[PDB]
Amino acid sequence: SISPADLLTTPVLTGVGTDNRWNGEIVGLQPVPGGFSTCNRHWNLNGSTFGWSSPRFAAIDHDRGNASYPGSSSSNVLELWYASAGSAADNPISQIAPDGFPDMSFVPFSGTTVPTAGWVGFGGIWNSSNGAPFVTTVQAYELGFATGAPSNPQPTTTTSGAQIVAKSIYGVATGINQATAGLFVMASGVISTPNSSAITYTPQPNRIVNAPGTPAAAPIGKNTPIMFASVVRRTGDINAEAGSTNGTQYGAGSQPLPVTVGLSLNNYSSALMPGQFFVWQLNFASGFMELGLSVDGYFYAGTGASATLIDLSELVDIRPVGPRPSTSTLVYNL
């Protein structure tokens, strides 16, 4: 009750807990031997986030971007919306981007190409004059951070000097050209794919967008940072779920959302010292492993150089162990 123990209970990793990027049911642990950073909808143990999102999945809303489509015919066109990072004046957490905007770099596309590994959400453009949707622009949109929009958007992984971009991955019924227009997109995303095949866990570390000051997660001895893997829909085979014959698609997040929520409500600085992990034991049908939580809010496992996904289907229960030195190897007994 004064310790971090209650942040991670059995249900968080055995079917109830979802990840803090995709809001998908967590079903695996993904080690990241090469390290990574994440700030959006990520909290530390001192009540702080470096991102721009609250620990929830609602809607993405920005009232002042540029909306356009190419060419002289407005039917069945790709709709583009973009604004500058730092323009989210109505966001009380951070003005970097609208609450819920995904922390992934923009994958550009044009013509008839559907992008690969884009964060995609449903919604459209809306009318800055009155708040009404431009009903002919509803579609699935890729959202991400870029530089060089509108003519040549390219991915960027820093928010400084960035643009926030939304582009319909399929043709909207009728395009809209308005220099000032709003964006509205539901905050629960899917992964864009051009065919039926699953791709690697998404986002890969080098696709994650981070704000200045975001601490990095790197290996500490044999302890390696992890992401939490969930089953996420993909556009090329939207019906595919866990156990699909077309392959399983994973999305990854830096924290279980229940942990993020708990961290956002509390301050755990008096409970865990810098350089300590809080450790839990994960008990499987056969064997167990330890997970450690750092003061920066990253989770670790004692898996060393391994990049192999750990399946949680046989996870039985979680028990708190207590604070440990981060230099002490987390047990891996699977």
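So that there is no doubt, residue numbering starts at 1 and follows the sequence shown.
Novice: When the C-alpha temperature factors are averaged for each of 155 to 163 and 119 to 127, which stretch ends up with the higher value in the entry?
Specialist: Result: 155 to 163.
Novice: Taking the recorded C-alpha temperature factors, which stretch has the higher mean, 216 to 224 or 260 to 268?
Specialist: Stretch with the greater average CA B-factor: 216 to 224.
Novice: Can you tell me which of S84, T202, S75, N206 has the maximum CA B-factor listed in the PDB entry?
Specialist: Result of the comparison over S84, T202, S75, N206: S75.
Novice: For the listed residues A307, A301, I60, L293, which one has the largest C-alpha B-factor as given in the deposited model?
Specialist: The record points to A307.
Novice: According to the PDB entry, is the CA B factor of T245 in the bottom, middle or top third of its chain, that is, lowest, middle or highest?
Specialist: CA B-factor rank for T245: highest third.
Novice: Taking the chain's C-alpha temperature factors as the reference, tell me which third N283 falls into: lowest, middle or highest.
Specialist: Answer is highest: the recorded C-alpha B-factor places it there.
Novice: By the recorded C-alpha temperature factor, relative to the other modelled residues in its chain, which third is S196 in?
Specialist: Its C-alpha B-factor, which the entry lists for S196, ranks in the highest third among residues of this chain.
Novice: Quick check on the deposited entry: does the C-alpha B-factor of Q276 sit in the lowest, middle or highest third of its chain?
Specialist: Highest third, going by the recorded CA B-factors of the chain.
Novice: Give the position of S254 by CA B-factor within its chain, expressed as the lowest, middle or highest third.
Specialist: It belongs to the lowest third of the chain when residues are ordered by C-alpha B-factor.
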